[PDB]
Amino acid sequence: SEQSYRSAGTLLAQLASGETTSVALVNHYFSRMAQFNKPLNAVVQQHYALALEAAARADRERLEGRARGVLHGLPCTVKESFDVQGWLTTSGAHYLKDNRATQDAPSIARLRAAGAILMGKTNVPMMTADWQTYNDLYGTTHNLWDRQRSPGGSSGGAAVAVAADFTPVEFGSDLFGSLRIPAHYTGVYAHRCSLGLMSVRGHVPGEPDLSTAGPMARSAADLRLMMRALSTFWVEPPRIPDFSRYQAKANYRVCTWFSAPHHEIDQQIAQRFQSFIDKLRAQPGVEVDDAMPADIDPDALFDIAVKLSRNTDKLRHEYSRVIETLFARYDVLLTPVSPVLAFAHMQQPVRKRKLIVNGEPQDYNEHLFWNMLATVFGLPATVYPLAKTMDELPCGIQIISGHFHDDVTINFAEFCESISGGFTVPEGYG
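Numbered by the deposited numbering, the letters in the sequence shown go through residues 2 to 207, 215 to 317, 368 to 488 in order.
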């Protein structure tokens with residue numbers, strides 16, 4: 002099979018029905034990386050021989066009725082900073098250029114046990130500590146929509162690989178937007194899981217207290233499929249998210265938070281959000297309120313975020379109660395991921411890095427402002443690609459909900475797919 006941009010869900014169906022095999026899929030993805038990865042520099046380790054062997058095994062198992070696992074026979078790549086047994090985990094640092102993992106990171110092991118075929122790893126900035134993706138070991142990852150621009154970071158290689166169909170899904174860590182920001186800039190879906198829903202151990206730098221992890225994909229159903237594979241609670245659940253299937257709702261009540269004093273977004277995002285909200289407000293049973301609680305001072309929360317990045371705790375626990383009541387009244391909260399769309403590479407020292415909002419220079423740390431909320435309170439957040447004209451860059455929206463409401467945000471993204479937005483194939487790719 003040579004068809005490009007099939008979803009994981011479709012691919013699993015076609016494996017079951019014999020319209021494709023795992024060997025044909027591994028050859029598809031490595032073929033696309035041969036044809037397209039050089040100018041993008043998204044996949045920085047390739048393990049073809051191991052992947053082809055694993056695919057042959059999956060195919061034998063399928064034929065003999067011995068296939069097991071919800072990802073059985075599905076190839077993928079993972080973020081370079083997660084341990085895969087026998088593979089290098091450099092995190093783009095010279096000090097670790099020959100650091101090879103002894104065992105899988107626990108979430109990697111859980112993809113492998115679901116039957117995923119790991120074909121390689123995708124680029125990260127050094128120690129995954131930036132909102133761009135570049136390092137001295139592997140080079141810069143370029144945004145496939147405009148290669149003079151960054152796909153963001155730290156999961157930038159993963160977002161580009163998904164958007165180029167080098168892989169149907171990806172898996173990465175998210176501290177302050179590490180998964181969400183590259184999804185926004187690059188036009189793919191991402192889900193950062195609730196704190197405690199899945200292990201982030203076996204990550205370099207990397215059970216961490218703020219970092220979570222989750223999938224990238226090109227549909228909401230594929231995000232849900234990954235979470236079926238990945239979820240292993242290590243906190244006591246306040247409730248059990250249901251990842252079994254899309255659960256459609258008759259009523260949605262949505263909160264928006266698109267600006268704060270001194271934290272404005274570019275008018276282009278503002279108009280594209282407004283156009284999306286207009287369509288959402290026109291749906292039966294849907295209310296959309298501009299109802300961010302004023303109880304949460306954004307500057308106070310930013311100061312907490314800056315500190316984390368007996369007194370702060372006091373405020374943090376009080377704000378977490380304001381969020382619980384918020385998500386008893388609203389199903390989801392929609393916010394920006396960044397105040398800008400994808401920018402040209404900025405590898406100067408941090409201090410000199412600017413984001414141009416409505417013509418004015420703004421702080422690079424606006425990335426932290428628009429991602430601290432889910433990070434600080436351990437919340438789930440799905441990033442959903444909005445529509446784009448061929449003359450527009452990708453733009454995502456961040457769908458947040460209460461702790462262990464991961465099913466709610468992913469279900470909300472699938473409902474949005476019926477309204478506006480979704481994955482768009484970049485011009486020049488399959």
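Note that beta-carbon positions come from the ideal geometry of N, C-alpha and C, so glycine has one too.
Rounded to the nearest angstrom, how far is the Cβ of residue i from that of residue j, given a contact under 8 Å?
i: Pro397; j: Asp274; result: 6 Å
i: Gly66; j: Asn429; result: Actually they are not in contact, since the Cβ atoms of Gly66 and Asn429 sit about 45 Å apart, beyond 8 Å.
i: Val201; j: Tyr139; result: That belief does not hold up - the Cβ atoms of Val201 and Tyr139 are roughly 22 Å apart, past 8 Å.
i: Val163; j: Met224; result: 5 Å
i: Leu176; j: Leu231; result: So it is not a contact: roughly 19 Å between Cβ atoms.
i: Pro40; j: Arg148; result: 6 Å
i: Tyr6; j: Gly488; result: 6 Å
i: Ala191; j: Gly222; result: 7 Å
i: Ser82; j: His204; result: 6 Å
i: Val79; j: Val71; result: So it is not a contact: roughly 17 Å between Cβ atoms.
i: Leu426; j: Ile458; result: Rounded, the Cβ-Cβ distance is 15 Å, inconsistent with contact.
i: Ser195; j: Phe462; result: 5 Å
i: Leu112; j: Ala9; result: Rounded, the Cβ-Cβ distance is 12 Å, inconsistent with contact.
For residue i, name the three-state secondary structure that DSSP assigns.
i: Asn136; result: strand
i: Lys257; result: coil
i: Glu382; result: helix
i: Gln456; result: strand
i: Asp297; result: strand
i: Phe470; result: helix
i: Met448; result: coil
i: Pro76; result: strand
i: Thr22; result: coil
i: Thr482; result: coil
i: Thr141; result: strand
i: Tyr30; result: helix
i: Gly488; result: coil
i: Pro107; result: helix
i: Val71; result: coil
i: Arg63; result: helix
Please classify residue i as buried or exposed, where buried requires at least 16 other C-beta atoms within 10 Å of its C-beta.
i: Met234; result: buried
i: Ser476; result: exposed
i: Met448; result: exposed
i: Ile248; result: exposed
i: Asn136; result: buried
i: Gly293; result: exposed
i: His73; result: buried
i: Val243; result: exposed
i: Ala237; result: buried
i: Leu64; result: exposed
i: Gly486; result: exposed
i: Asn38; result: buried
i: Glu20; result: exposed
i: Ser18; result: exposed
i: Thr168; result: buried
i: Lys98; result: exposed
i: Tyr388; result: buried
i: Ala402; result: exposed
i: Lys315; result: exposed
i: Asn416; result: exposed
Which one of the options has the shortest CA to CA distance from residue i?
i: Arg226; options: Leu176, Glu171 and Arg253; result: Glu171
i: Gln255; options: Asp147, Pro484 and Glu472; result: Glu472
i: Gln133; options: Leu413, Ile277 and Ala432; result: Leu413
i: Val434; options: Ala313, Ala43, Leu373 and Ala400; result: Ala313
i: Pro407; options: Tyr422, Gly417 and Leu444; result: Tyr422
i: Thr187; options: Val205, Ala160 and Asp217; result: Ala160
i: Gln47; options: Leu64, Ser18 and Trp88; result: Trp88
i: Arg261; options: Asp250, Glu272, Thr123 and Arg289; result: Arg289
i: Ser155; options: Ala43, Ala25, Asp464 and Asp84; result: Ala43
i: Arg101; options: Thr91, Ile109 and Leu437; result: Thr91
i: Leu384; options: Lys446, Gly157 and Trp265; result: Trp265
i: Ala68; options: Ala57, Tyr30 and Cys77; result: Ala57
i: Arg409; options: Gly417, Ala268, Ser283 and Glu424; result: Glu424
i: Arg253; options: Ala35, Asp60, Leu75 and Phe470; result: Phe470
i: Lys446; options: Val27, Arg61 and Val189; result: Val189
i: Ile277; options: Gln104, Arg368 and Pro394; result: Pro394
i: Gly116; options: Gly153, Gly157, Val125 and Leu16; result: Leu16
i: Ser23; options: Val415, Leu444 and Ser2; result: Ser2
i: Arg280; options: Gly454, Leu12 and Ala14; result: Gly454
i: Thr220; options: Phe481, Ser151 and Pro438; result: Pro438
From the DSSP output, read off the bridge partner residues of residue i.
i: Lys412; result: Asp421
i: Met224; result: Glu171 and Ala191
i: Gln46; result: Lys122
i: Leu89; result: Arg101
i: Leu391; result: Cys263 and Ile458
i: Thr440; result: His192 and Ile457
i: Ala268; result: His271
i: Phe83; result: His204
i: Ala402; result: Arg150
Please tell me whether, using a cut-off of 8 Å, the distance from the CB of residue i to the nearest non-hydrogen atom of the ligand MN is below it.
i: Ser155; result: With respect to the ligand MN, the structure shown offers nothing to examine, as it has no ligands at all.
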